[PDB]
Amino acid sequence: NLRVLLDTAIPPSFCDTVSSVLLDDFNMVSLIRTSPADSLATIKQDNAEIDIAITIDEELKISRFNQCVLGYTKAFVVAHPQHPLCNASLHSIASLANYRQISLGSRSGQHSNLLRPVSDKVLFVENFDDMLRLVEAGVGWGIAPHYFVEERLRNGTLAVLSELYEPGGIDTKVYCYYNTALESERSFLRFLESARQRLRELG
């Protein structure tokens, strides 16, 4: 049984690219969703017996776990279109520290450099749905995956703030953390090259 972790920031397209390739080499494959804020925390528990984690979160070295880059994905800073910072100019790019942020909470209470909130007005939530609910209600701003806000943006329910900070959205590495055992096994190298190559060939 190969236990596999995908954080909720991972696009579900990318989730099918992984779930597919693994079944080629593997008989039993358990798939687990987690907050990006809970991914690395989870795999560090020996109980969880996680073998592969696919997360946007970064940590320099982990016990018993190697890192590598599967690919890249986009994130946007979003707010209610009527939200004060709608003009999205460079004064708003610094004003975020002053306005309320809807940030992902972590069970572990702690946050990485990456997922730590930027403002002092912070309101924690377990997932991106709770986040964008509160953001649709002008309660604050937040950083969510592209696939979570693709719909609402065209439907005018949400606006972007990030385009001056980083045009085209915020490029974000998807890391593959894998148990050191797998580093030898060909079936794992298969998964890497396949998954990787299948996201190059899927924009």
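The first residue of the shown sequence is 1; numbering continues from there.
Stretches 48 to 56 and 149 to 157 differ in mean CA B factor, with 149 to 157 having the higher one. For the pair 58 to 66 and 31 to 39, the record assigns the higher mean C-alpha temperature factor to 58 to 66. Ranked against the other modelled residues of its chain, the C-alpha B-factor of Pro167 as given in the entry falls in the lowest third. Ranked by Cα temperature factor within the chain, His111 sits in the middle third according to the deposited record. Among all modelled residues in this chain, the alpha-carbon of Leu189 has a temperature factor (C-alpha) in the middle third.
Ranked against the other modelled residues of its chain, the C-alpha B-factor of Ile10 as given in the entry falls in the lowest third. In this PDB entry, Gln101 carries a Cα temperature factor that places it within the middle third of its chain's modelled residues.
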